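Shown next as structure tokens: one chain only, the form deposited in one PDB entry.
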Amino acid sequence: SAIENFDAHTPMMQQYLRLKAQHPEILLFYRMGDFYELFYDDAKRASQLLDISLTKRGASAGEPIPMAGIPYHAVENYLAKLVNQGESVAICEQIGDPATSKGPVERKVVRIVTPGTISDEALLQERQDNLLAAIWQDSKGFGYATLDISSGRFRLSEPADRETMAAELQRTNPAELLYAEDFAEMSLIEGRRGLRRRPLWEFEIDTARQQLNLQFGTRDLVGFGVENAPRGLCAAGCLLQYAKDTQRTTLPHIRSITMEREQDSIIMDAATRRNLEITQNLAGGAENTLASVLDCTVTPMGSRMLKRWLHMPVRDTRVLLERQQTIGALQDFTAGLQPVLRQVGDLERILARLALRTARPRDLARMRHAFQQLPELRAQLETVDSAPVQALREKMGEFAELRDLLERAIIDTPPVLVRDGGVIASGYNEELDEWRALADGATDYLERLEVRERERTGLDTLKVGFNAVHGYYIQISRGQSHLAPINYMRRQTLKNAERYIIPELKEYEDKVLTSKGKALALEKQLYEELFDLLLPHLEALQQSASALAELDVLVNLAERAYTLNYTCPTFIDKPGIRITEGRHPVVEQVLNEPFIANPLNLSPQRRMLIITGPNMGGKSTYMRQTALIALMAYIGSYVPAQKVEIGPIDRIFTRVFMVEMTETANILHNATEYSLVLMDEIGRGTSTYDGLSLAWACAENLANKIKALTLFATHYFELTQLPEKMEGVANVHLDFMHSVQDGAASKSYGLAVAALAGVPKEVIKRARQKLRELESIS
């Protein structure tokens, strides 16, 4: 094995290796003219991942270099491939002109494509958030931060325990997760997509505070309410540095940061989120979820917002009551607003590409199309009687000048890129129109030159054409080649044809090519000028898009409440849930059968229901719908019931061997009289009574000590004695029965199921006999 030496490498590889040294662990697209190339292991790994060929490059001194590459113009196709596989990619471009450059051309990494920092439409998921996130652990606790780089929505939290930290990850579901080398709880993180093991120095608190205050243009972060969250700031700092390092542009759209403090929302553990299937069914998909029923939003940003709302039920009554008002007010105007709102589209993500200076002509056209809907929406919303709605109407904005600007500046349906020109509309720039008229002037001249020359020569096959390689030409067929005029200079030969050039033709070639080149250059300059004109209003536009997205969510939840017959829940002082004709919002929609509605009456005096009765999904649905009604009430939506009075709820536990006892312990430790606890048939014991013993003791603890609002489904008939012994406990039972009755389950229903299951009549009779023997002694 030979000894490598940087001085022995060719200037190109010297340049490459110096750049690659800055990105050892990730793939580097070193630009070489029209191709983005890769070398050594990068080439080997790329050829496997991207399904491209692996070749070599010569070196007279040394061994040949593994090579692989792709044309620059098809880069987005391959970035998509790598990003879906969780691979980061460094984009190294050519800076400086090879004509002027003596050695290899100067080459900087201009950006780094990574799963959590993508802002391109083609790589992103329309109705799904894509979050970069950072996670930090301390001797005192955890520190978390997330960033939607396409909206600049930057948040921060400081979970106390891993149970809350696991819930954060479940809820937020980051696409790329930064973490410290010294992270203790790898179990939380291991086997996650987009893992990024960062060095411990990036989570420095003094740099984080410095770097965040720099970004936000503040001297202290007291205003953002994150000043006393150092664990969070350490994560936020690490994240912001990464975000910057990958984009390598200024990130103006990241204006603020927010503490998400647990007391402000209804806490839900990871299991409880999955059991309630809020945005994700138990099988993994999105069908038959609460979101699948509620989300009929017309814009992607609205869809994404509503999903965030569902996972973060707010506890702030002022916010809740304002949503209810807005929902009631907008019910008559849903048909009117929604068609117009639809035309605004995903303005949120368009503005990110504006902020990053990556917005393509279609983005600005869609942005222009969105501005055109604004006067219409303002007209509709003026008559709506709500302070919340009028606030949104105000925040929504009008942007008349910008609407006008883009109407003038860009054509009706522009191309996908500016690269080839044709984006800018005529009349916007006088210099540009002149250059285009010169190009079309030479176009005309050349057309009349064709008919002139074929007349003048008398050769019917005589044509005028253009070749990218050889320029303009006069083509004559093989048969008539000999009759070409003296002044025709042959420029190209084909099998059945000959092509010539004359000074007149060459003169207007130079005319049209310089004209087009001049125009193309001017479009690109005029296009970058639009960014300088629009970006001064970015904060106002970001607010508009936020108003428009929230307006979509509320108009949607207004429409859903009507179309699905929901009612407005009332809030009460004391803990309790009082549902009349309650329904499961998803099950009633997926089943074509009519849903059997049911009541619920939980109060401080009636805390725990022991739900005996047969095995089936009726119990689970009764319990789950109770949670989903509470959840929906606390996102400010209407709820699937005839009437609902609901008191404060601090968190929802939805429990449905040791894994059972751990989850039960989690409930007993963290539950409080403001908690909604849903438990299904715990009591897995080594023997006959040890499961019952714990089932008893937990129920006992949940009723006397914790006093949580508990639905406690069980098969133990022994637990139907709890109301006799304890204050606050009561019996209900489901009697396809599907209707909740007061009192305990009437039959002993195990043998009945065994009969249905097909156990021999003889065997059931001997059980029925044995059952009497057991009951008569006890």
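Quick note: we count residues from 1 along the sequence shown, nothing fancier. Rigid core here is just the name for the largest C-alpha set that superposes within 1.5 Å across the two forms.
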If we scan the other compared entries, does residue 96 go without coordinates in at least a third?
-> yes
In at least one third of the other PDB entries compared, is residue 727 left unmodelled?
-> no
Per the record, how many residues of the deposited chain fall between residue 656 and residue 657 without being modelled: none, 1 to 3, 4 to 9, or 10 or more?
-> 10 or more
Missing from the model but present in the deposited sequence, between residue 735 and residue 736 | 4 to 9
Of 231 to 239 and 477 to 485, the stretch with the higher mean C-alpha B-factor in the deposited entry is 477 to 485
Stretch with the greater mean C-alpha B-factor as recorded in the entry, comparing 749 to 757 against 65 to 73 | 749 to 757
For the C-alpha B-factor as written in the entry, point me to the maximum among 301, 596, 356, 221.
-> 596
So among 363, 346, 129, 401, who wins on Cα B-factor in the entry?
-> 401
What third of the chain, by the recorded C-alpha B-factor, contains residue 159?
-> lowest
Within-chain third of residue 18 by Cα B-factor, per the entry | middle
For residue 144, return the chain-relative third of its C-alpha B-factor as stated in the PDB record: lowest, middle or highest.
-> lowest
Lowest, middle or highest third - CA B-factor, residue 620 = middle
In terms of its chain's C-alpha B-factors, the third that includes residue 104 is the highest
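The same protein also has a form deposited in another entry, omitted here; what follows describes it.
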Would you mind telling me which residue of 153, 403, 273, 491 shifts its Cα by 2 Å or more between the shown form and the other one when the core is superposed?
-> 491
Honestly, after the rigid core fit, is residue 711 moving at least 2 Å at Cα between the shown form and the other one?
-> no
Tell me, please, whether between the shown form and the other one the C-alpha of residue 80 is shifted by 2 Å or more, with the rigid core used for superposition.
-> yes
Verify the C-alpha shift of residue 688 between the shown form and the other one: is it 2 Å or more after superposing the core?
-> yes
Taking the shown form as the reference, report whether the CA atoms of residue 31 and residue 242 lie closer or farther apart in the other form; the distance changes by 3 angstroms or more.
-> farther
Relative to what we see here, could you say if residue 523 and residue 31 have their Cα atoms closer or farther apart in the other form, with a change of 3 Å or more?
-> farther
